[PDB]
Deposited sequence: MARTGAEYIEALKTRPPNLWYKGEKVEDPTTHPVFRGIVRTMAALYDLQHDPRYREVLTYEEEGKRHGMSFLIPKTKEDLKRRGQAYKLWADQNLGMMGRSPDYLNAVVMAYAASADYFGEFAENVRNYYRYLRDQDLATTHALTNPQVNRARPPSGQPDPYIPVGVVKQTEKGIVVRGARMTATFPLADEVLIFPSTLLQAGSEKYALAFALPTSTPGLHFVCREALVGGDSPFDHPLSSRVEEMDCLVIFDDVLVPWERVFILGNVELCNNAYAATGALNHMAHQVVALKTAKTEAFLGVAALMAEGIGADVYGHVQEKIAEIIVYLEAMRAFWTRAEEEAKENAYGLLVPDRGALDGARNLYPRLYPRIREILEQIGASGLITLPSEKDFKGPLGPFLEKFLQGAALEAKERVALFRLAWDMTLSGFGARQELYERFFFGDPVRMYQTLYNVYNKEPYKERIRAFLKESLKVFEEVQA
């Protein structure tokens, strides 16, 4: 298990090939756009060594201590342990960090446990898992093709190599060219280029991993959403801005030992479901969204009490709505673990029904949770003087005009600055788009659910009920 210092030293020594506004980022640990999130990830690693949480965040195995997200669960109790670690890490950042490495460790863990799925590349997968686990490395991933012409398949874009495709194969490995649309949290040691491809997309049907410093690999950052470094003025964006980037592959060499899937469309399409990676990554997600909803509930309640709006029925109802959604997520989480069963490879996986429910329902609930905070806070959400204003000549006036019902002005503004950062700052607004799409496009996710769900039991019950209807003709 890594310490924060080791993570920081690793990024400083071998920084990811990041670019910000036309320039290479030489040291993300000190760069104003990335130092906040780097310190945040470092704090997550350090927590693994805190005596209070060591037993929750790590496990011992033959003299070594590994991060809990690498644990191959054998019992439901083990699943619960993984869940508690997901939750503890999530709570540290109020569920605002959506791509902490444990999400992808869940994927790689499942891939390894179900390694036989990958055929000749099975050993590569098992070895990669051990590598990530032993070194406790941080990962980032990019799974979607460039948004160019969505009316055409990957092979029908303006150029054959817009999506990442194999240029050629050599004795050393494969050379790839193209790009992946989005990679969140590129402050990692490794990048996973993992897998719905249509038939005839063989050259794009790939799955591999690479060090983020690999020659020819570039991460182009979008506009930064860090509001500043003041924790008062920017409570969340100053520390949890994970960054999103376009990933470019300029004839990058992928060593054979890093290849997990090559030229197999079906193998790519069913990788997450067959291995159980889908189940485990969604397990981290349900714990994460439960933590996120808890944070929103806390802020909504404090805001309402803070300005005396809690006496109004509709405000109480809005907060109760968040409570209902919180309980729904807790329920999915519980059922996912309690109904867990082993898959074809013997890997215990949390229930897909419950997790499909959670990941397809939360994208609908989050925009409403965000709306509720807006409706409760109203103008208080944009009446945001800075800590500098409180420290300035008008400070005394602000302490009078911005106090709340039994709440001091500085505390009140600190709270609304947080509520604003969770909803209306560039950082906060991005979180909304993130919740709507991180797991996929709802339109296709729902179509996928329809097709995979076993609807026969219900159709049969109705056919049986209709027997009496048709008997009138006998």
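Enquirer: Taking the deposited sequence as numbered from 1, list the residue ranges that were left without C-alpha coordinates.
Expert: Deposited residues absent from the model fall in 1, 197-198, 478-481.
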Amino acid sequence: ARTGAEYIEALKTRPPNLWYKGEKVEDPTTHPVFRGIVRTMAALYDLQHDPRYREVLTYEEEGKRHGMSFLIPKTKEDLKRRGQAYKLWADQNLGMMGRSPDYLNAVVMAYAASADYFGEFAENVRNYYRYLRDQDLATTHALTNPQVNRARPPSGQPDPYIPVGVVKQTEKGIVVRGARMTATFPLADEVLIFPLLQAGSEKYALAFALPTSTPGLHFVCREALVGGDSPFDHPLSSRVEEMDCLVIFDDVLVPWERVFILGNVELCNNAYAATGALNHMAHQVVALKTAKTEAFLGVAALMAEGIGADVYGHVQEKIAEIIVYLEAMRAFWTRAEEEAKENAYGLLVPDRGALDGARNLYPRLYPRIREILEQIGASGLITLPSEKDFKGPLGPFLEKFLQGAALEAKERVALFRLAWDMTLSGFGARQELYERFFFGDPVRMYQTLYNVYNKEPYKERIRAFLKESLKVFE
From here on, numbers count along this sequence of modelled residues.
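Enquirer: For the higher mean C-alpha B factor in the entry, choose 186-194 or 351-359.
Expert: Stretch with the higher mean C-alpha B-factor: 186-194.
Enquirer: Could you check which stretch, 390-398 or 300-308, carries the larger mean CA temperature factor in the entry?
Expert: Here the higher of the two C-alpha B-factor means belongs to 390-398.
Enquirer: Would you mind checking which of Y59, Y434, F416, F427 has the top Cα temperature factor in the PDB entry?
Expert: Checking the PDB record, the top C-alpha B-factor among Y59, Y434, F416, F427 is at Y59.
Enquirer: Checking the entry, which one of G95, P158, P367, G276 has the top C-alpha B factor?
Expert: So the option with the highest C-alpha B-factor is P158.
Enquirer: Rank-wise, by C-alpha B-factor, drop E374 into the lowest, middle or highest third of its chain.
Expert: As the PDB entry reports it, the C-alpha B-factor of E374 lands in the lowest third of its chain.
Enquirer: Ranked by Cα temperature factor within the chain, is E411 in the lowest third, the middle third or the highest third?
Expert: Ranked within chain, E411 CA B lands in the middle tercile.
Enquirer: Of the three thirds of its chain by CA temperature factor, lowest, middle or highest, which one includes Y86?
Expert: Answer is lowest: the recorded C-alpha B-factor places it there.
Enquirer: Using the temperature factors of the C-alpha atoms in this entry, rank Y53 within its chain: lowest, middle or highest third.
Expert: CA B-factor rank for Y53: highest third.
Enquirer: Could you tell me which third, lowest, middle or highest, the C-alpha B-factor of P385 occupies within its chain?
Expert: Middle third of the chain for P385's C-alpha B-factor.
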